[PDB]
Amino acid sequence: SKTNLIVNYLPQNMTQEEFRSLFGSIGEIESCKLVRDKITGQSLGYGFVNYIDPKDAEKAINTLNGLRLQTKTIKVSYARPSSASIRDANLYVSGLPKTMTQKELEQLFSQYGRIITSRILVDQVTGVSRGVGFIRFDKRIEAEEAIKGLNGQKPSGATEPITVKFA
């Protein structure tokens, strides 16, 4: 992209001043906004930062993505143009073979579009995959196509079909 970034997985405890201070350390900011619930005013876990110089947005991604704050590992990337088309593109998947890795899950789902995020849930105790997870596509239409082409199907070597639905 260019100068506008979206920062995800922000700690519930982080303040906008800390937000601006952390990203302000990279370079001049034209504006930034820790997103908050319109009624409660509490942080929603993410925010945006728009740099003056695109080279700084690049440096922000290169240096701050993966930074661990409190219980979070923040993610820094380019904000896609705000559009209703990117909303509601998150899927809930179950029945996956527990042998499946996240790399394989994305390879499976990527046939239908650009993946923004993927996550396979694991058991705290045994540590074994639970065969469930989430996949968020770039476009709602891509998620709809994945539901149609993957719900009730059996992946590559699977013996059991999987369920795909909007989160």
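Note that residue numbering follows the sequence shown and begins at 1.
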Quick one: say whether 89-97 or 73-81 has the higher mean Cα B-factor in the deposited entry. 89-97
When mean C-alpha B-factors in the record are compared for 62-70 and 115-123, the larger belongs to 115-123
Between 37, 53, 142, 106, let me know which has the highest C-alpha B-factor in the entry? 106
Ranking the modelled residues of this chain by C-alpha B-factor as given in the entry, is residue 129 in the lowest, middle or highest third? highest
Ranked by Cα temperature factor within the chain, is residue 158 in the lowest third, the middle third or the highest third? highest
Entry-reported C-alpha B-factor of residue 102 relative to its chain, by third, is highest
Where does the C-alpha B-factor of residue 10 rank in its chain, lowest, middle or highest third? lowest
Among the modelled residues of its chain, does the C-alpha B-factor of residue 26 lie in the lowest, middle or highest third? middle
